[PDB]
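Right, one structure below, let's go through it.
Side-chain atoms are counted along with the backbone in the values below, which use heavy atoms only and exclude waters and symmetry mates. Quick note on labels: first sequence line is chain A, next is B, and so on, each numbered from 1.
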Amino acid sequence: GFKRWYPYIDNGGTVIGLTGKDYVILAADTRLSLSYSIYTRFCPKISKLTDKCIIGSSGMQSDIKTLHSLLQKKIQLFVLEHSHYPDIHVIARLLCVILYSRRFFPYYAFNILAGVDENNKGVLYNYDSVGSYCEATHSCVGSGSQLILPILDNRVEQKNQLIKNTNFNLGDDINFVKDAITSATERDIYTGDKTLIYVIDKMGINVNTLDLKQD
Amino acid sequence: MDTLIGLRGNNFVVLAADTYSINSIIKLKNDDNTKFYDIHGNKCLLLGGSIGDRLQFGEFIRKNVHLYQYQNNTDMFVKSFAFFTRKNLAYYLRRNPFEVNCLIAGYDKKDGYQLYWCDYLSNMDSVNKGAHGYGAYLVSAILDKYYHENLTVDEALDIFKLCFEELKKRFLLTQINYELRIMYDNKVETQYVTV
Amino acid sequence: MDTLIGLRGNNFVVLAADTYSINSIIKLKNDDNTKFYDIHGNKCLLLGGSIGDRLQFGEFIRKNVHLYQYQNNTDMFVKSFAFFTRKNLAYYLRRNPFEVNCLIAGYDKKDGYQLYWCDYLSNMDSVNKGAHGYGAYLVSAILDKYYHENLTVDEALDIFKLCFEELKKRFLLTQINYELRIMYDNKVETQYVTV
Amino acid sequence: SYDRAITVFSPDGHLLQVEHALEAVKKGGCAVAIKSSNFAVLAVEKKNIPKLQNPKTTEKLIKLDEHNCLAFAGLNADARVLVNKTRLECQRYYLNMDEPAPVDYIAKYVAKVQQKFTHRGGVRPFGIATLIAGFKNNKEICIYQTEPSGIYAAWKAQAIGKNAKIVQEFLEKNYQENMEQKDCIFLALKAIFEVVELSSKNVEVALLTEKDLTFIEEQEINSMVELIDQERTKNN
Amino acid sequence: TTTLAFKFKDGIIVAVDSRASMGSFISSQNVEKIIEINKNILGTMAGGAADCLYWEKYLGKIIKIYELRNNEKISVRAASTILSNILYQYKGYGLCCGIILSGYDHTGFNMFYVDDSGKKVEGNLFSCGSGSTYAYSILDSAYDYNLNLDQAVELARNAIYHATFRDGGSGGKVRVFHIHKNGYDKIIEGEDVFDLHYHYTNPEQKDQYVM
Amino acid sequence: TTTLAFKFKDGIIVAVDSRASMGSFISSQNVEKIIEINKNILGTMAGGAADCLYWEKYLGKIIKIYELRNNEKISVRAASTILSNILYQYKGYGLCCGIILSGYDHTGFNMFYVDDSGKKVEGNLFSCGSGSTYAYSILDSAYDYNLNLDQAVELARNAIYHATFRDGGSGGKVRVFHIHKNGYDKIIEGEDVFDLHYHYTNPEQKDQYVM
Amino acid sequence: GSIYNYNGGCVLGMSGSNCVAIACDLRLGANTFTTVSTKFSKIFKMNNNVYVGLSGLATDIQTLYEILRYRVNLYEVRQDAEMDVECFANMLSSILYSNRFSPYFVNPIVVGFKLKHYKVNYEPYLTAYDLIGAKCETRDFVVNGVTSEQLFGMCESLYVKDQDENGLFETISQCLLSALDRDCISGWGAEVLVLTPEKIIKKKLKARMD
Amino acid sequence: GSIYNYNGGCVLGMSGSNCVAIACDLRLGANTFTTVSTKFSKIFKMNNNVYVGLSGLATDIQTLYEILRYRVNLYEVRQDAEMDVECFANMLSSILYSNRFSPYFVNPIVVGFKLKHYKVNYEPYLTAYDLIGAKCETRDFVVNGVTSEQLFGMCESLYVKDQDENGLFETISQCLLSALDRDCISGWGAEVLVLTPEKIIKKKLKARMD
Ligand SMILES: O=C(NC1CCCC1)[C@@H]1CCCCOc2cccc(c2)C[C@H](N2CCCC2=O)C(=O)N[C@@H](CCN2CCOCC2)C(=O)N1
Ligand SMILES: O=C(NC1CCCC1)[C@@H]1CCCCOc2cccc(c2)C[C@H](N2CCCC2=O)C(=O)N[C@@H](CCN2CCOCC2)C(=O)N1
Ligand SMILES: O=C(NC1CCCC1)[C@@H]1CCCCOc2cccc(c2)C[C@H](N2CCCC2=O)C(=O)N[C@@H](CCN2CCOCC2)C(=O)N1
Ligand SMILES: O=C(NC1CCCC1)[C@@H]1CCCCOc2cccc(c2)C[C@H](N2CCCC2=O)C(=O)N[C@@H](CCN2CCOCC2)C(=O)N1
């Protein structure tokens, strides 16, 4: 006979977020993999939702694309119906309900919402596949998350250090994001090729790239 | 497990249950109140099984019977109530079953004191005495041995006390807190017993 | 399930268990004696699990340790006894396992009062306090909260009484009969407690 | 399934079907409800052929649930269907909230049903007005009156049905607050007999308390009717 | 099956039913569920018929050899230990054995419950089989160590009767043996429970009894 | 997860930890497990994070609509019934929800436990989550209805601490809210259990504590 | 089959000369070995000439009996006559088959008189069913229930053609009792109904109660 | 897989200049979420130049440690010398593989000094194993246990070549603590051993206890 087809596949990759006082960094590698082969070395995981809000996801690429496009559609409809752009918090709740609407046949997507609210606070929300979400100062989804989250805990919170550091700034935070993603690339077979680093601050959204290892 | 016991005589019917609410390996309550469903008009539904199913099925039955009695401005007969209960349980048996065991008791002028024994499969029969749960294995013979027609209410309560002592002594779950519903002489009384 | 509790202080060790022998849904006995295995030379093995496995493993350990002590005309050290027990359990784990949980206690001049906690997989560590069974979930926090070094024997017994009351009140199996082994001052005493 | 819009706006801006339902209500018998500190009295005209019709069958003063009762005027069959819907909703509320339905909730539900029947294709409005006596969640006693259009209000005392204006005006100048049960009953009898023939068999009276709904005995009504006849003859 | 035994002031009462089943079909109503292990020890059979019969006769052989070799009577505790060890050696093989060993020895009257899982429990009152919860409830309700022989026998009979009344697996005849210092007596060789029902529950015999 | 609540003479104490887990990996230590249902009702979250969050927000919406429509405050009993019915409708679908609803209403202080299987249990003292047995044992050992606010808060904190100490699924911060007649107060917004251990169990901080 | 062992029970039909008999055990089992009732009749009167014996799952017994009573009452009020036993038998077959794929776990028999109006002649009528409505019309006897094999043996050995009412009663009662004595999950009383065109005799047998 | 979650735990090895460090958590889990002990060390001294860290199933940890102690003691008494760390590492691989098909559920690391006798030079030596004895010789760090991914991230990010004893201690302790703070089934204390040719420094860290 024929076995029942499984509707899920992990296409790999990592998304990393880090808030500041007035900025948020969201970075993601661009590899797209299938089992132990590479579909393509350039498949961006971050989509722009608003001038002040982006979304980055890891998991099944078809699900991520559909969910990003659905969220963009819903947000444009919201703008037309209500005359204003939704804040990051509104989008966070909307994404929660969208994910939970499939509670019993979930999207295979782990999503980080990054943006700056009206008060110019850097904001991060990170999600599970069924809609659970929480606000955080740094987060990471995808194959490399269990490698990266300890590093950012150590650097940002410093809970286990008596002599602490309190000099945080955008350049150092970006350097930390780059080191975290490179260290993850060192050990996670599904993270590599190239990373896009998005920075949101007062002016708006800015994009830069960093090369990762190819093996 | 929820131990249920029922005994009907010429002049009374008595129902009794343990008062435990159980959630995993812990007792949520030692004074559970989700088992007895007093129904207007000298009727009482006693339920065992999962708490959620108990609450759903019992409140559904109670509300429907109250609705019937308000719409027809009369008291439902005990037998009609028992067979309505059984039929609803049997309707849900093959669709989304309520895993609940029932003892149905009441008095009405037509049939006197009535006791119905119904299991989670909606197998029902009228009985003089009955029990549900694992503790039924440890009280049924006592009910058989000490029951007789013309038993008085006090004698029946002494029989129930024998049952409770046996459950405390020999049952793996040491049940020591019980609640009783006594129907006799056109009044329904509630008692709590610790052994 | 068989609830086992152990507490060691600077000057004592105390073990305690429920006294129930269970055969399916009925209590064979309310004064079980197949849990404690007193071993010559201020040592005690306390076991939980199936009665058959308990009897087999416990009597095997006791006989082998007595054999060792007769052959070498000396008392086995408590630590040696604990690791011999663990190693035998681990030998049988991958061949024909004894599904038993152990608390090992004793006194000797080399190490004072010792308590070892061992599970049915033969995972063992020395502890100041420990418990086995589902009632462990309900007594472990009490043990943590009320334990301190320099505790006296009477204080430790009061802690055990707290544990027994919690088991009676909140545990799904209402355990109310207990037996305790108290080791202190070069003597082993037995007590029975009802809550 | 029939879907024609039966209730529509006339050029004047009226729902003529609703006004015709109001006419039907005005062709009904009179019902009076008076409120007190923690009890209400409800009375209703009785029409029954002597010695042939059975009085115990026809029920214009009915019990919705544990704590709420209803009187109505207008079309009997419409009233029966609406009352059964209301009892069903009472029990549904109890099931979904684990508390009996308060009086205000039930009045709002009844008015919602009537409004809905003015605003759905293929149905005509109920030709009934109702008086609903019951207890709020703060245990306060209240009386609500609904109408075919779906509008409701709470009243200290109100009459519905035929000749309701005479009864209303009478109640305005004779109603006090916190009256005793006997005096409230007497006031209700006077109000009903302001527009109906004086007799014990021409009125049914009930009293609503926290405990239950209790109908006043025949002999008590006859004694109060003799009192009313005496006061009338002495006033003339 | 329902077997039971209890100590009282004159010794040990042992009572059993006599039904044997193959599935829901009654294979016999005259099987013998009390087996003399030796002059002073009786065994009861519950569970698998072949297992109980074989291993209790095997225990009888072992005890005969022991008592020849050592010129003394074995104790009930030793007999129960031998049986429990033998049965534990077959753990996982699927033996079905519920056995009560009762007897008199130099330590007095003794009673042990031994099952196929290796369980060995000393006690003063046991019951095994499908009907054992009913026998337990009756006995516990009416058990006194100071009963005389007649009262003890009557209680055993009544307990067996109620078990057979409620349990479809138990029935046939009730046998009540009495173990004393100088062996055992068969007080009731076998009495059909048919008469017991119309003696205890429905003596009138004028209509069907209603549970 | 460990959540708990209990009545005392000044109202209701509600305490929770703040850990969220994905398998054995700690997803967060700052999640908020006490959800304001309305001005007078608090909900605790145990089990599935999405399920608890979604259905308690849905209950909040339902209650807002109810209190607009009827110009009165819903009771804790009614809120719990609504939630239990909604959850029972999803029986067999695999929802994981353990919820304690606490609040003040015209019937006084009320507390209900509602789980995904439809269970709805009124009570005066509850605990849910992996660590709930430890919190239960501590509370039952030291619970008195006549405790003052300070004693009640201290007891809640200690119970949460012991749960997080013994349960790998519980940890992070302890939050202790107080529900009273005019709403609720956050007595302890969030206190790392790290300090709590070296305050209760090992204040010396001179060697590793030995369980 | 285990479902049928949950409750137990059996039914037996037999015909003599101008008489027919239907008998059943009285036990209500639970969990295959616990007796919870001893007055649970499996015999139901549809009309004076039509009886049905329903063995199997007690919930399905009660449900099917209620359905059959509903159908017979509607048919007879509409027609203003008593339903013929053959029409009822065919109707029962159709009702059982209508649940062909989620059937009622019942083992019915139908016993009664086929009336042939010339006076009126009363011909005994017997039919046994399976749970999906297959029918076995017979003249001597019908059996159903978990005790079917024992009843078949007893009937094949003991049935005697053209017995009078007393002989019929003795024979059917002996067949039922002997069969029940070999079943662990059936018995605890027996009711025997002997039908004649003039009277119905209802008897309860002094049977085994173990 | 879940067997390794039964107890939890992890071990970490790191080298500096003329120094090497081995660290472990102190928890003994049961049923994956119940902490039964907080002094269960995974670090074992074979000889002054050879330590082994054993994470995994506690019964297998103790059993394997006893086997290794037996083998090392026999080897060293026969030879009258301390076992070289590489010989010990190969021996551990062979012992684990000898159980290739019913293995010990252990995740060992070996940390110590390789002595190059000219005067004597002390070269740090680190090796990580799987449960069937596959070996990973390294110069910077080794990890094993259910916390392996977090330790790998922390080490890849924070390890610094050629640190002195104090720098080595701070680095390995920070790596271990950060990794443990993200694990539900590991932690409850940390022991850190910093090795030099002259002395061993044993430290217990003030770590999280939840
Ligand atoms: O009173 C009824 N109708 C009122 C309710 C709405 C308006 C009218 C009818 C009564 C008709 C009697 C005819 O005999 C049967 C005909 C066909 C089937 C069955 C019996 C067996 C079937 N059984 C038995 C147990 C499991 C099961 O499925 C069953 O009783 N079906 C119930 C429907 C039950 N609920 C369905 C949803 O609506 C509310 C009632 C049913 O047919 N009732
Ligand atoms: O003392 C012993 N021999 C005496 C007994 C007879 C005469 C001498 C030796 C000690 C030798 C020590 C060398 O290190 C090992 C070498 C190989 C294997 C293992 C350890 C691990 C193995 N383990 C660990 C737990 C599960 C398991 O299989 C295990 O310990 N094997 C036991 C044999 C145990 N049985 C032997 C007879 O007695 C009953 C028990 C074993 O080798 N003992
Ligand atoms: O009544 C019984 N116990 C009482 C009677 C004496 C002591 C107490 C048991 C009750 C169930 C026992 C379950 O454990 C088993 C263990 C091993 C095997 C089998 C069952 C299956 C075996 N089967 C099933 C069909 C073919 C076959 O061989 C089978 O059930 N055997 C019958 C023996 C009945 N009679 C045989 C000859 O006459 C004396 C008794 C049997 O063991 N019944
Ligand atoms: O801690 C938790 N409960 C406490 C924290 C708040 C309330 C109390 C639970 C603990 C286990 C819950 C088990 O029931 C489930 C119900 C539905 C789904 C899933 C599990 C699987 C889902 N999985 C597994 C991997 C991929 C995925 O989606 C998953 O475990 N989700 C995490 C959410 C953790 N965070 C997500 C974002 O940030 C806030 C919380 C989650 O529910 N944990």
Side-chain angles (χ1 to χ4, degrees), chain B residues 1-5 16-32 34-35 48-52 54 101 119-120 131-143 145 161-179 192-195, chain C residues 1-5 16-32 34-35 48-52 54 101 119-120 131-143 145 161-179 192-195:
Chain B
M1 204 64 216
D2 310 83
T3 197
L4 315 173
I5 322 180
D18 67 283
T19 52
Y20 301 117
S21 291
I22 299 87
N23 177 14
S24 197
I25 70 117
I26 76 103
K27 279 137 71 162
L28 287 170
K29 288 173 76 62
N30 288 286
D31 53 350
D32 173 273
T34 59
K35 291 203 191 68
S50 65
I51 292 172
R54 235 153 53 202
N101 296 304
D119 69 21
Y120 68 98
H132 281 121
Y134 296 126
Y137 284 102
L138 289 171
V139 302
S140 280
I142 294 162
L143 298 185
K145 188 182 175 144
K161 187 59 55 43
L162 280 192
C163 293
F164 301 157
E165 295 266 8
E166 183 56 5
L167 291 163
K168 163 176 203 314
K169 163 175 173 53
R170 189 69 68 194
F171 193 31
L172 159 57
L173 279 72
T174 292
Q175 298 171 328
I176 60 168
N177 309 288
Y178 302 86
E179 162 167 353
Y192 305 102
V193 165
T194 313
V195 279
Chain C
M1 196 66 230
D2 310 83
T3 194
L4 316 172
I5 322 181
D18 68 282
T19 52
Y20 301 118
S21 282
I22 299 94
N23 194 27
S24 188
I25 54 132
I26 76 103
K27 277 137 72 161
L28 285 171
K29 284 209 298 211
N30 286 285
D31 53 355
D32 172 87
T34 61
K35 289 201 193 71
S50 63
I51 287 163
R54 233 153 55 203
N101 296 306
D119 67 25
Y120 67 98
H132 280 122
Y134 296 124
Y137 283 103
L138 291 172
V139 303
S140 278
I142 293 159
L143 293 188
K145 185 177 176 152
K161 190 64 57 39
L162 279 197
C163 293
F164 301 157
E165 296 264 10
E166 184 55 7
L167 291 162
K168 158 174 209 314
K169 163 174 172 56
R170 188 69 68 194
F171 193 31
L172 160 58
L173 279 70
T174 293
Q175 297 170 329
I176 60 168
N177 316 107
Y178 302 87
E179 177 180 332
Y192 305 101
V193 170
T194 314
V195 278

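- Inter-residue side-chain proximity for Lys27(C) and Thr174(B) is flagged as met; some heavy-atom pair is nearer than 4.5 Å.
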| task | Could you please spell out the steps behind the side chain to side chain contact (heavy atoms under 4.5 Å, CB included) verdict for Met1(B) and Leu172(C)? | result | CA-CA 10 Å; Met1(B) 204 64 216; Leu172(C) 160 58; over 6 Å; no

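- In this structure, chain B has a heavy atom under 4.5 Å from the backbone of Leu28(C), while its side chain stays farther away.
- Contact of the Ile25(B) side chain with the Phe171(C) side chain is registered, since non-hydrogen atoms from C-beta on lie closer than 4.5 Å.
- Taking the side-chain hydrogen bond (donor to acceptor under 3.5 Å, both in side chains) definition, one finds that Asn101(B) meets it with nothing, sequence neighbours left out.
- Of the atoms belonging to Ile22(C), it is side-chain heavy atoms, and not backbone ones, that fall under 4.5 Å from chain B.
- Contact count versus chain B (heavy atoms, under 4.5 Å) is highest, among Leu173(C), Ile176(C), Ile26(C), for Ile26(C).
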